[PDB]
Amino acid sequence: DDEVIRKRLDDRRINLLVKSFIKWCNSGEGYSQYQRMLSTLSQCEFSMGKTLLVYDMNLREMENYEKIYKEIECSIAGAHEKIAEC
Amino acid sequence: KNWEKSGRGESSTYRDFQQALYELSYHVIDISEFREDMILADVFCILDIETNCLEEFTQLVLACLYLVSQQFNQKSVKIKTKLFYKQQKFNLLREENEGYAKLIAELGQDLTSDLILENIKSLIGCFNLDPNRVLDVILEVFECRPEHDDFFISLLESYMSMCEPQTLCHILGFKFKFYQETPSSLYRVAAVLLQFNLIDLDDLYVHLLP
Amino acid sequence: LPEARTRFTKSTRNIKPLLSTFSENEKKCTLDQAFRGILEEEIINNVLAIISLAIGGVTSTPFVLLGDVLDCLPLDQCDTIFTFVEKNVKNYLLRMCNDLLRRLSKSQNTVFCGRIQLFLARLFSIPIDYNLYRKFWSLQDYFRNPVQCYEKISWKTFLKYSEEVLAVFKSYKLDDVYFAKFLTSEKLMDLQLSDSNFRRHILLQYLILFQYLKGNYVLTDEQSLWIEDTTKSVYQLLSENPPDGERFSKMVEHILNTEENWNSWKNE
Amino acid sequence: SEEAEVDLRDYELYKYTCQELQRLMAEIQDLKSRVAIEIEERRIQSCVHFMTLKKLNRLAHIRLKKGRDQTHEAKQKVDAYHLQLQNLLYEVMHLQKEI
């Protein structure tokens, strides 16, 4: 129960979009349904692009964290120098 | 025997073949044996086919049971509302032990309001102190130290610059409603705030008992 | 009808031009789609705030736009856009702020965390006794978790370390660039002893802990008498503080008195 | 789990996504321009496209979750290193203040 609820994790939005598409298709006014399907597919394309952008942002954040770790190593070296100064 | 031959016969081409097998199984409307004869991709395709068929009766329910080999709604709503967007302010006093301890130890030091403002912002950020409780503790320290008045008045003016003006009114109303069901210090604080025009008379007057 | 989508993409590329070319909800939906698309174009290739302001002045969408942008823009334009939203003054705002709080490290973004929370509020060699260090910071761990003061060995070790540490406190008798969190300095170990504010931190934590404990979940009568006696000794120690010891003690007394009122959970 | 990292490492996935979206657009244009056998074939291909889209969305969401988790772990490591460096700097500052 709780495990599946947690694994559900957005995902609900894409699932609802796919479900609405399947429902409209099973129902298939037809031009309006095709246009709604096109709207849903464009929304899904925007969601895929957003996921790709989020992955790129995570990669850039990892790179920045590596740079900050190098900076913290330099700060520890400066702390040893300040220990000599102390 | 055509079904057995089709099953024995059959990543673009592989995905196409898997989708074709799923479509054939959907058009079937015993297949479990052939499914187990050959994977995790097969299990995922079976789950997708079951979801689509549920989207697209008794026969379908029986097929799902064979292939298997209300309060939940509110529970999921609570789980998502807690995980995704929780207030998580550590309001009262004792949740953030280090936080309020260091806050009061910073307010009670020997006696520059900008430095204390930045220190309080840093403490809020590090220990997740609720802003309203911070303002309450500040007002109380202002009560117990009635010598340094203008300093805390500039601090209260700068702090309320970054908050809603009606927070002070409601907080004073709470601190007065507590004693309803009232020392001189409480009245002194409200009088000082009213004099320097920090809060209007209407809200405080409404909060009073008589 | 997709001709209307093309017309919207055209007339959207200052504000009065699109305001006039717009002269029904499906059209608004296609326009929001075009807004998202051009925002994606901008972020791939600031002006995003300009477009969000244009849409807001046209008026929904802008909250979704800010959410997507803050999910995309990692650090700096994220700060600029957050300041912009601060200047702008529903649940989407809460989602954005929570995602930001979950992304920040609280290591060098502390002031930014404070700003986010304030906005959320505006919404609604040398001989070292390593064993003494162990005792002190295990006491600190007890401070971190109050529920640990209910078992037998836990409460016993807490009492032992507390008695030893307070005995050292009383026997010290001092009689005399910002650190937000505690600094566990195994080589210094001593400059925190000389600071009276450090002792104030420790004793105020003690007082809040005892106040919560007095407010399962039951105690022994001997333990409660121990709590009262230690409260008295803590007040004695706070009085020993050279700068207005008794004034500070009375201030903390008023604080912890108001604490009882705050414990009434004024949800109404 | 290595299969997910391999598929994420090696834009081609987004191109195949957009190509299947073009396929689905061609099929819905065929249905809008349009026999029961062709309608059933077409519907089967549309359902296959929908299933492929669902699987791709699930894979992308899982990859995003894993990436965010790794980033959070790196952030915690950097914060620990920064706290150690801050303790060192506090020690140096207090030693300069006492001396």
# chains A, B, ... in the order shown; residues from 1 in each chain; ligands from 1

call {"tool": "residues_around", "arguments": {"residues": "region 33-35 of chain B", "least_positions_apart": "3", "cutoff": "10 Å", "atoms": "only C-alpha atoms", "output": "count of residues only"}}
result
11

call {"tool": "residues_around", "arguments": {"residues": "residue 80 (chain B)", "least_positions_apart": "4", "cutoff": "9 Å", "atoms": "only C-alpha atoms", "output": "ChimeraX atom specification"}}
result
/A:5-6,9 /B:75-76,84-85

call {"tool": "write_last_selection", "arguments": {"atoms": "N, CA, C and O atoms", "output": "tab-separated table (two decimals), in the first residue's frame"}}
result
chain	number	residue	atom	x	y	z
A	5	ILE	N	2.37	3.49	-3.18
A	5	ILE	CA	2.06	4.92	-3.17
A	5	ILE	C	3.33	5.74	-3.30
A	5	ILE	O	3.37	6.76	-4.00
A	6	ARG	N	4.41	5.31	-2.63
A	6	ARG	CA	5.68	6.01	-2.76
A	6	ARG	C	6.29	5.80	-4.14
A	6	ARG	O	6.88	6.72	-4.72
A	9	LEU	N	5.60	8.03	-7.28
A	9	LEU	CA	6.40	9.22	-7.57
A	9	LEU	C	7.56	8.89	-8.49
A	9	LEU	O	7.37	8.51	-9.65
B	75	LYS	N	-5.45	8.28	1.75
B	75	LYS	CA	-4.10	7.93	2.19
B	75	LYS	C	-3.06	8.48	1.22
B	75	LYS	O	-2.07	9.09	1.64
B	76	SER	N	-3.27	8.28	-0.08
B	76	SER	CA	-2.33	8.78	-1.07
B	76	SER	C	-2.29	10.31	-1.07
B	76	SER	O	-1.22	10.91	-1.22
B	84	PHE	N	5.50	16.26	-0.74
B	84	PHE	CA	5.82	17.29	-1.71
B	84	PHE	C	5.79	18.70	-1.13
B	84	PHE	O	6.78	19.43	-1.23
B	85	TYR	N	4.67	19.11	-0.52
B	85	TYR	CA	4.56	20.48	-0.03
B	85	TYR	C	4.11	20.43	1.44
B	85	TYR	O	2.92	20.52	1.77

call {"tool": "interface_residues", "arguments": {"of": "chain B", "to": "chain D", "cutoff": "9 Å", "atoms": "only C-alpha atoms", "output": "PyMOL selection string"}}
result
chain B and resi 15-16+19-20+22-23+44-45+48-49+52

call {"tool": "atom_distance", "arguments": {"atom1": "CA of residue 14 (chain B)", "atom2": "CA of residue 39 (chain D)"}}
result
24.2 Å

call {"tool": "atom_distance", "arguments": {"atom1": "CA of residue 30 (chain C)", "atom2": "CA of residue 5 (chain C)"}}
result
5.8 Å

call {"tool": "residues_around", "arguments": {"residues": "residue 185 (chain C)", "least_positions_apart": "4", "cutoff": "12 Å", "atoms": "only C-alpha atoms", "output": "NGL selection string"}}
result
(:C and (128 or 130 or 133-134 or 136-137 or 189-193)) or (:D and (83-92 or 94))
